[PDB]
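Visitor: Let me start by giving you these chains from the complex, positioned as in the assembled structure:
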Amino acid sequence: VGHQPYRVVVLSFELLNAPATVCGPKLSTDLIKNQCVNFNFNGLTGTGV
Amino acid sequence: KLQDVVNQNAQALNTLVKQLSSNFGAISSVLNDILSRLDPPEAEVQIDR
Amino acid sequence: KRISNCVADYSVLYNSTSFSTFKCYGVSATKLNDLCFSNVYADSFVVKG
Amino acid sequence: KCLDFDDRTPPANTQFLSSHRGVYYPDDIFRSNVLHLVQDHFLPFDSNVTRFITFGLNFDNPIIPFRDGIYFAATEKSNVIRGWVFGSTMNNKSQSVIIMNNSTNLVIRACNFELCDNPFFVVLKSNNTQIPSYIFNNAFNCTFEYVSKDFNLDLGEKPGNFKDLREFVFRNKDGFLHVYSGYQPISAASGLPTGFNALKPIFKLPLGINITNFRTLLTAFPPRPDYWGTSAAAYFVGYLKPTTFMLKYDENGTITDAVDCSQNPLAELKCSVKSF
């Protein structure tokens, strides 16, 4: 097994303040305003109004 | 002298606010970033820092 | 290779691909479905075990 | 033989307040003479609680959703209510657990049960003897069984208002079903009594099943074999929500008081500076 071939793929990610190109399969919801909610915008999560 | 007292208090409060942007050896100064990137165990390491 | 404008759903690989090695460094693997990435590169090659 | 009743009034589902009930021990750490601020799934104080009654011409056995754990309270003069079924589909397709009390001993059994539409025990009031009845038609792929020691259960009818309050908390976490219990002597005719009671841990069962629904198991009292009848009994269901409580342990490790931090400004004050 030490001499057998192995295919390698290295995935390199960038997380900048820029539009998202690749995304997870998480499903979206409607906006809720003026309420204390948990939010998730392009994978950036938080709690607030 | 009265102005000096005012300035000292205002400057101390501003420094307290600015310290939040300061990293302390964690991967990020934003709590939500390490919360959204890392699973709870290593997240607890960074958050404790 | 640059990967853009897509949904990264690894579950499609579950019935065809093994992945002897799967190691993530900047992020957690349980977090991948909840994240959106600004940029993704894929480097591919072959090495022995 | 799944037997169905045809003269049952649909449940009223009247709402009552749970004054200070539903407190339990959230962990297994022994604590003595301390105040403990803990954030967990508790029943908020003075929250609405649904009532299910089988006093007369009703055998109230709906499938009630679990919704992240429940508080259950039975006003039981005649031991009518004994046992539950917890499951997801309440079918032979999925695993479900029956926690029942027959006459002799308590039985906890997890299998693929062919659950009847109306599972129930039959107790002839005249002879005060149970007739064997089938909660399930068949059972297969059983993964857990526990049977307790034998005892005696009083099957006789009891007059007057309910004298017993049996309280339970059911929580499903990490493949473990935590069952907490408590008992209180009451004299209440129609409502949930107002008080405080902390339920001690009784069971931590390693069932490992997805529990989304449950159904209470009740005994029917037919005065004649070619009919069905019910003795008076009622139970109450509330839902646990994630909230911060301040529990107060005495020297024996017993919770003797609690504060719900979100109830009102005075409670928030007591939680903010930890004191009663």
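Guide: Okay, I see it. Numbering: from 1, shown residues only, chains lettered A, B, ... in the order given.

Visitor: make it CA atoms for all contacts and neighbour counts henceforth
Guide: Noted.

Visitor: Now do the same for the residue positioned nearest the centre of chain B: helix, strand or coil?
Guide: By C-alpha atoms, centre = their mean, chain B has its centre lying nearest to residue B:20, at 2.0 Å. Secondary structure state of residue B:20, per DSSP: H, G, I helix; E, B strand; the rest coil, is helix.

Visitor: Go ahead and confirm it touches residue B:29.
Guide: Yes. The criterion here is C-alpha atoms under 8 Å, and residue B:20 meets it with residue B:29 at 7.2 Å.

Visitor: How about residues contacting the longest strand anywhere in chain A?
Guide: As assigned by DSSP state E, the longest strand anywhere in chain A is strand A:5-14. Residues outside strand A:5-14 that contact it (C-alpha atoms under 8 Å, 6 or more residues apart in numbering or on different chains) are C:37-49.

Visitor: Check stretch D:95-106 too.
Guide: Contact with stretch D:95-106 is made by D:82-88, D:90, D:107-113, D:130, D:147-153, D:207, D:209, D:211, D:217, as judged by C-alpha under 8 Å, 6+ apart.

Visitor: Just the ones in strands from those residues, please.
Guide: D:82-87, D:107-113, D:130, D:147, D:217.

Visitor: Emit the PyMOL select command for whichever of these are buried.
Guide: Restricted to buried positions by 16 or more other C-alpha atoms under 10 Å in any protein chain shown, the PyMOL selection for the ones in strands among the contacts of stretch D:95-106 reads:
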select buried, chain D and resi 82+83+84+85+86+87+107+108+109+110+111+112+113+130+217
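
Visitor: Which of the ones in strands among the contacts of stretch D:95-106 sits closest to chain A?
Guide: Taking C-alpha to the nearest C-alpha as the measure, chain A lies nearest residue D:87 of the ones in strands among the contacts of stretch D:95-106, at 27.3 Å.

Visitor: Now do the contacts for the closest residue to residue D:176 other than its chain neighbours.
Guide: Leaving out its chain neighbours, the residue that sits closest to residue D:176 by C-alpha to C-alpha, 6 or more residues apart in numbering or on different chains is residue D:206, at 4.6 Å. Residue D:206 sits next to D:175-177 when contact means C-alpha under 8 Å, 6+ apart.

Visitor: measure residue D:206 to residue D:146 for me?
Guide: The spacing between residue D:206 and residue D:146, counted by C-alpha to C-alpha, to the nearest Å, is 11 Å.

Visitor: Show me which residues of chain B sit near chain A.
Guide: B:32-33, B:35-36 (C-alpha under 8 Å from any C-alpha of the partner chain).

Visitor: cool, the stretch 1-150 of chain D as well?
Guide: So the stretch 1-150 of chain D never meets chain A (C-alpha under 8 Å from any C-alpha).

Visitor: Which strands border the longest strand of chain A, and is each parallel or antiparallel?
Guide: strand C:39-48 (antiparallel) (DSSP bridges).

Visitor: And the strand it pairs with, what's buried?
Guide: The neighbour-count check on strand C:39-48 (16+ other C-alpha under 10 Å) flags C:39-40 as buried.

Visitor: related to what we said a few turns ago, report the next helix or strand after the longest strand of chain A in sequence order.
Guide: Sequence-wise, the next helix or strand downstream of strand A:5-14 (DSSP states H and E) is strand A:22-23.

Visitor: please slot chain E in as well:
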Amino acid sequence: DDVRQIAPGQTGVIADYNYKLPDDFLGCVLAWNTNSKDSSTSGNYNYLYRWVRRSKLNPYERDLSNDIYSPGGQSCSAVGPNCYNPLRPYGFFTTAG
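Guide: Chain E goes in next, on the same frame as the chains above:
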């Protein structure tokens, strides 16, 4: 190749749909090769795994159902296109890698 998925904080077919360990796990994982005992020259198809599921399992939870799976709604009475058997045999062979 699946043994690595038996650990806290892992994703894979086994961790998502078969056996999940808590993030705070107190214990030890022990694993040993059983080629001779559990494989055959014809092949051993007794051992199965759930390859598809609608949601991820919670820690220490097990799923014993054998319902035909459809990706979205679409109740299917038998196995066919867009209707799969959720369980998949491992197919252990003595000469496998």
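
Visitor: quick recheck of the contacts of stretch D:95-106 now chain E is there?
Guide: Counting by C-alpha under 8 Å, 6+ apart, D:82-88, D:90, D:107-113, D:130, D:147-153, D:207, D:209, D:211, D:217, E:64 sit against stretch D:95-106.

Visitor: Also stretch E:90-97?
Guide: With contact meaning C-alpha under 8 Å, 6+ apart, stretch E:90-97 is reached by A:1, E:35-36, E:38-49.

Visitor: end to end, how far does that stretch reach?
Guide: Stretch E:90-97: ends 13 Å apart by C-alpha to C-alpha.

Visitor: list the contacts for residue E:17?
Guide: By C-alpha under 8 Å, 6+ apart, residue E:17 lies in contact with E:50-53, E:55-57.

Visitor: ok, of those, which one's closest to chain A?
Guide: residue E:55 (12.1 Å).

Visitor: Strands of chain C, residue ranges please.
Guide: Remark: strands assigned in chain C by DSSP E are C:2-3, C:6-7, C:36-37, C:39-48.

Visitor: centroid residue for the chain?
Guide: As the question left the chain open, I've gone with chain A. Note: chain A centre (C-alpha atoms, centre = their mean) maps to residue A:43, 4.1 Å.

Visitor: wrong chain, I was asking about chain D
Guide: Most central in chain D under C-alpha atoms, centre = their mean is residue D:72, positioned 3.6 Å from the mean C-alpha point.

Visitor: Which element, helix or strand, includes it?
Guide: Using DSSP H and E, residue D:72 sits within strand D:70-75.

Visitor: Could you give the number of residues near the closest residue to chain D within chain C?
Guide: Chain D sits closest to residue C:30 of chain C, with a gap of 17.3 Å, by C-alpha to the nearest C-alpha. Using other C-alpha atoms under 10 Å in any protein chain shown, residue C:30 has 15 neighbouring residues.

Visitor: Verify the contact between it and residue E:5 for me.
Guide: No. With contacts counted by C-alpha under 8 Å, residue C:30 stays clear of residue E:5, the gap being 11.8 Å.

Visitor: can you pull the contacts of the residue nearest to the centre of chain D?
Guide: Neighbouring residues of residue D:72 by C-alpha under 8 Å, 6+ apart: D:167-170, D:235-238.

Visitor: how about stretch E:76-94: buried residues?
Guide: Result for stretch E:76-94 [16+ other C-alpha under 10 Å]: buried residues E:83-88, E:92-93.

Visitor: who are the neighbours in contact with the residue of chain C closest to chain D?
Guide: Contacts for residue C:30 (C-alpha under 8 Å, 6+ apart) come out as B:39, E:9-11.

Visitor: quick one, helices of chain E?
Guide: E:13-17, E:35-38 (DSSP state H).

Visitor: which of these is buried the deepest?
Guide: Highest mean neighbour count of the helices of chain E: helix E:13-17, a mean of 22 (counted as mean count of other C-alpha atoms under 10 Å in any protein chain shown).

Visitor: Residue D:205 touches residue D:176, doesn't it?
Guide: Yes. Counting by C-alpha under 8 Å, residue D:176 is a contact partner of residue D:205 at 5.3 Å.

Visitor: So which of the two has more stuff around it?
Guide: More crowded of residue D:205 and residue D:176, by other C-alpha under 10 Å: residue D:176, with 18 against 15.

Visitor: quick one, what contacts the residue of the stretch 1-150 of chain D found nearest chain C?
Guide: In the stretch 1-150 of chain D, the residue that lies nearest chain C is residue D:68 (22.6 Å; C-alpha to the nearest C-alpha). Residue D:68 is in contact with D:171-172, D:239-241, counting by C-alpha under 8 Å, 6+ apart.
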